[PDB]
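Everything on this sheet refers to the single structure shown next.
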Amino acid sequence: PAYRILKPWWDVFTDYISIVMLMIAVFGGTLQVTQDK
Amino acid sequence: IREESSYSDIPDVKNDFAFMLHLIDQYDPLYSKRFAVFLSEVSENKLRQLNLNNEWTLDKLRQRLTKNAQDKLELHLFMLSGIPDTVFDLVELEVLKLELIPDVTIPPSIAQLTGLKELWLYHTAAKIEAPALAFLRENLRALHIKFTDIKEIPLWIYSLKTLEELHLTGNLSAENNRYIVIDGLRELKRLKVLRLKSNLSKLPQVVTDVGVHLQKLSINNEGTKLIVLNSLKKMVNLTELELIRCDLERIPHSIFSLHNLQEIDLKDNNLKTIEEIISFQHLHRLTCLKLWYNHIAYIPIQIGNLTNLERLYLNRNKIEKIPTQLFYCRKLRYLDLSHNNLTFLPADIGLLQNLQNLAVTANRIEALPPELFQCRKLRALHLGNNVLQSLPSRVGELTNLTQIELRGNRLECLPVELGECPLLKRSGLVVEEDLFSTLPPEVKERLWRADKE
Amino acid sequence: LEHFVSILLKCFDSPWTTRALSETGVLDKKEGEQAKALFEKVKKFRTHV
Amino acid sequence: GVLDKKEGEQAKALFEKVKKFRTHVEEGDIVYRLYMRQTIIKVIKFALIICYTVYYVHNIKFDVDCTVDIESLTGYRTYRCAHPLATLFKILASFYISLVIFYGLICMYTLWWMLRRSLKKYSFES
Amino acid sequence: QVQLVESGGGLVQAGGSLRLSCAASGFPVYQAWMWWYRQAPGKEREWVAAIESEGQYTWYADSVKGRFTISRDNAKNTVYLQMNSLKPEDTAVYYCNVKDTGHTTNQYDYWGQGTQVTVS
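Protein chains in written order, with the entry's author numbering: chain V, 15 to 51; chain Z, 356 to 808; chain F, 153 to 176, 230 to 254; chain A, 230 to 355; chain D, 1 to 120.
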């Protein structure tokens, strides 16, 4: 794109960490809703 | 970057713009380095220079060349940001004028120019390199510089050995000094013309020592007091002594020793009496004595003692009569007496058979002597604002009279015999339109038919 | 940010920067006009920011 | 014989920027370092994965026996239990072990290629 | 490059003899029309001595005429100035001044470092 020059290495690292945490969140939510007996 | 690339003129940016640069550096320093050039004054200056070169093409400067009063090719640059490099491609250029050009650098490509002989640096600080400086040291004749401070004049001016003319139009009066800055004029032993204009109070010792080989010295103090104290005796070969607006208030006693002078002018020097002509008999080459714009009550009778007068001027003075002895000098050619409180012209002026130009404007001369018109070598006769009612009828015998003006006079009759002259055109005789219609028209068509060419 | 990145991208690939970095001849009129306009707008953006 | 002025100017600018980029890049030595380090990480990760996965793949089976010490709630101490996915997970683990074996062989080839040529120096002789 | 250094300047009682010297640079001493300048405390800098190239003619101000002798010495690239029986008004700071450079490259004018001389 164009703003990739405006994101230092820590910004993209935090973006990927947030993506992984979102995957954890959705996996846990699907687990709980599907079965949390 | 500003310490490595010599682009040291990059000021630090303030908040909210330095942060973005830091972010770019964290991403890639190359983007910041490439964007850094637009923040440097040097890049802007060289882009201006390139745009000047692209705009000021060779043909534009070629067409922009003019002819000066000295009849040589001249180019005038006014308020320009610099000298285009296409200017130095006009080998036929001879005079260059620069005015209000800031931080002007003369490149070595000026050596490409060959006909250049005069340089005009008006309020411009010129920086010149070694090869161009050698080229100017070898091929430069005249120099013109205008300034207000001492420092803004070039410091390499004394390095120009082949200079012939100098023109200072600044304020050299520094803080309690004997004009130290111009003291370098002793370096230039080839100088011919010096044109100091700095409101001199005392003549600098450097000028006194350098005038022993000087030819045309013109000084203009704009009414500032000037004192000699035997300062013109050192010179022995000077010929021009222009002392315009130097507040002499009296004819100095140091001029008598300069017998080799030929042109002398004392305009606006607040003179009172000029009875020192008896001391000018030593000057056997004095032929262009100018004394206009002064305050002289009467002309001394000692003019007749001299006989070499060829250009005499006492314009804008208050003299009640012209003594006849002044007409003894028969070799006058450019005697002019304009704006003078004269009553009538003696008939002795008719013995001036060698006179060419005579200006009698703003003179209360009631009548013109018939003896004056007996001469046939008259070339110019200017009459403005004079008490005249009629024109003498013997002017028709004149054939070499190139021009004559009768403006401001309350004349009413134009004699017919004026219309027969081999040298007579519309531009030569300019008079009032109403007074022009009193002459018969049959010669008007003939004259206007030859007015084309 | 959009204005700054647009200006930075324009100034990154401009051949005027290429010449300036090469020197650390003949330039087209359009290129010179564009470079002057870019200089002016960069200065204006700097004053704005 | 004759090439266009625009083409020549473009080639000249390309030459200049190539030279400048070459000067700028030779002092980095970062792309090669990161590539080597990530390949080393891949190789060691493959080694550990293969070791532990091969060691623990035999630990999954259909029939299991659990003595979970639950008497006050059910009344039986031991239970014979069946894991329906045990065979499917076992064949999946075998497939994953084979895939990791191939991946590790590829990474070993990459390491041997990067350690037998001194890739900091380019020949450019041909 | 081109540079000049003053030497020999020092405090001295009235009536003494002083020989100021200058150390020059790549520009020829035979060429490079040369000046010996003074700046007086409580006063403005004023020229004293002048030695010319191609003829070696001497110039002086009227106040410094008679008891100051300037010369240029080649094969060592030096400029010398001798003052005998200096008066109290001689207390100043003396510089060597180059207004014209050598034959070629005609480098800009440079002012000397200067030495302070005092008359008691």
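Using N, Cα and C, we set each Cβ at its ideal position, and we do this for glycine too.
Host alpha helix (DSSP H) of residue i (start-end)
i: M375/Z; result: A373 to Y382
i: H253/F; result: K234 to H253
i: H614/Z; result: First-last for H614/Z: undefined, no H or E at that position.
i: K415/Z; result: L413 to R419
i: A39/V; result: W23 to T48
i: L802/Z; result: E797 to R804
i: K580/Z; result: Per DSSP, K580/Z belongs to no alpha helix (DSSP H) and is neither H nor E.
i: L790/Z; result: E788 to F791
i: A172/F; result: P167 to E175
Beta-ladder partner(s) of residue i, from DSSP
i: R72/D; result: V79/D
i: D292/A; result: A311/A
i: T58/D; result: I51/D
i: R685/Z; result: According to DSSP, which records beta bridges pairwise, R685/Z is partnered with nothing at all.
i: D620/Z; result: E597/Z and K645/Z
i: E454/Z; result: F433/Z and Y477/Z
i: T757/Z; result: The partner list for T757/Z (beta bridge, DSSP) is empty, contrary to what the question assumes.
i: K676/Z; result: BP columns for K676/Z are empty, so no partner.
i: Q116/D; result: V93/D
i: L572/Z; result: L549/Z and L596/Z
i: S7/D; result: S21/D
i: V98/D; result: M34/D
i: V12/D; result: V119/D
Beta-carbon proximity check, residue i vs residue j, cutoff 8 Å
i: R19/D; j: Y94/D; result: no
i: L468/Z; j: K452/Z; result: no
i: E507/Z; j: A480/Z; result: yes
i: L11/D; j: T115/D; result: no
i: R605/Z; j: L626/Z; result: yes
i: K99/D; j: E519/Z; result: no
i: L584/Z; j: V561/Z; result: no
i: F390/Z; j: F164/F; result: yes
i: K589/Z; j: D564/Z; result: yes
i: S395/Z; j: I365/Z; result: yes
i: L593/Z; j: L616/Z; result: yes
i: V786/Z; j: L761/Z; result: yes
i: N106/D; j: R492/Z; result: yes
i: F393/Z; j: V247/F; result: yes
i: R72/D; j: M83/D; result: no
i: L549/Z; j: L572/Z; result: yes
i: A32/D; j: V5/D; result: no
i: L766/Z; j: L736/Z; result: no
i: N741/Z; j: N712/Z; result: no
i: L769/Z; j: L790/Z; result: yes
Assumed close pair residue i, residue j - CB separation to whole angstroms, cut-off 8 Å
i: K427/Z; j: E447/Z; result: Not confirmed; about 10 Å, so no contact.
i: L435/Z; j: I456/Z; result: 5 Å
i: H608/Z; j: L638/Z; result: Not a contact, Cβ separation roughly 14 Å.
i: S53/D; j: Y80/D; result: That pair is no contact at about 16 Å.
i: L667/Z; j: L644/Z; result: 6 Å
i: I658/Z; j: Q680/Z; result: 6 Å
i: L669/Z; j: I651/Z; result: 6 Å
i: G102/D; j: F27/D; result: 4 Å
i: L727/Z; j: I704/Z; result: 5 Å
Run of the beta strand (DSSP E) containing residue i, from where it starts to where it stops
i: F433/Z; result: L428 to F433
i: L551/Z; result: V548 to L551
i: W35/D; result: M34 to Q39
i: residue 873/Z; result: Only positions 356 to 808 of chain Z appear in this structure, which leaves residue 873/Z out of reach.
i: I273/A; result: Run containing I273/A: none in the beta strand (DSSP E); it sits in the alpha helix (DSSP H), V260 to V286.
i: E520/Z; result: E520 to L523
i: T460/Z; result: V459 to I461
i: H737/Z; result: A735 to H737
Exercise. Would you call the stretch 553-566 of chain Z and the stretch 514-530 of chain Z in contact, with 3 or more CB pairs under 8 Å?
Worked result: At 8 Å Cβ cutoff, the stretches touch.
For this session: Kindly confirm or deny that the stretch 36-51 of chain D and the stretch 332-347 of chain A touch, where touching means at least three C-beta pairs closer than 8 Å.
Result: With a cut-off of 8 Å, the stretch 332-347 of chain A and the stretch 36-51 of chain D do not count as touching, because too few Cβ pairs lie within range.
Exercise. Can you find at least 3 beta carbon pairs, one from the stretch 713-727 of chain Z and one from the stretch 692-700 of chain Z, that sit closer than 8 Å?
Worked result: Yes: at least three Cβ pairs fall under 8 Å.
Exercise. At a cut of 8 Å, does the stretch 403-419 of chain Z reach the stretch 376-394 of chain Z through at least three beta carbon pairs?
Worked result: Touching, no, given that fewer than three Cβ pairs across the two stretches are closer than 8 Å.
Exercise. Are the stretch 238-248 of chain F and the stretch 783-803 of chain Z in contact at 8 Å, needing three or more beta carbon pairs?
Worked result: Below 8 Å, too few C-beta pairs join the stretch 238-248 of chain F and the stretch 783-803 of chain Z to call them touching: fewer than three.
Exercise. Do three or more CB pairs link the stretch 647-658 of chain Z to the stretch 615-622 of chain Z at distances below 8 Å?
Worked result: Under the Cβ criterion (8 Å, minimum of three pairs), the stretch 647-658 of chain Z counts as touching the stretch 615-622 of chain Z.
Problem set entry | Contact between the stretch 36-49 of chain V and the stretch 767-787 of chain Z (3+ Cβ pairs under 8 Å) | Contact between the stretch 36-49 of chain V and the stretch 767-787 of chain Z is absent, because fewer than three Cβ pairs lie under 8 Å.
For this session: Could you tell me whether the stretch 255-265 of chain A touches the stretch 397-410 of chain Z, where touching means 3 or more Cβ pairs closer than 8 Å?
Result: Contact between the stretch 255-265 of chain A and the stretch 397-410 of chain Z is absent, because fewer than three Cβ pairs lie under 8 Å.
Problem set entry | At least three beta-carbon pairs within less than 8 Å, the stretch 273-281 of chain A to the stretch 244-258 of chain A | Inter-segment contact for the stretch 273-281 of chain A and the stretch 244-258 of chain A is absent: fewer than three beta-carbon pairs are separated by less than 8 Å.
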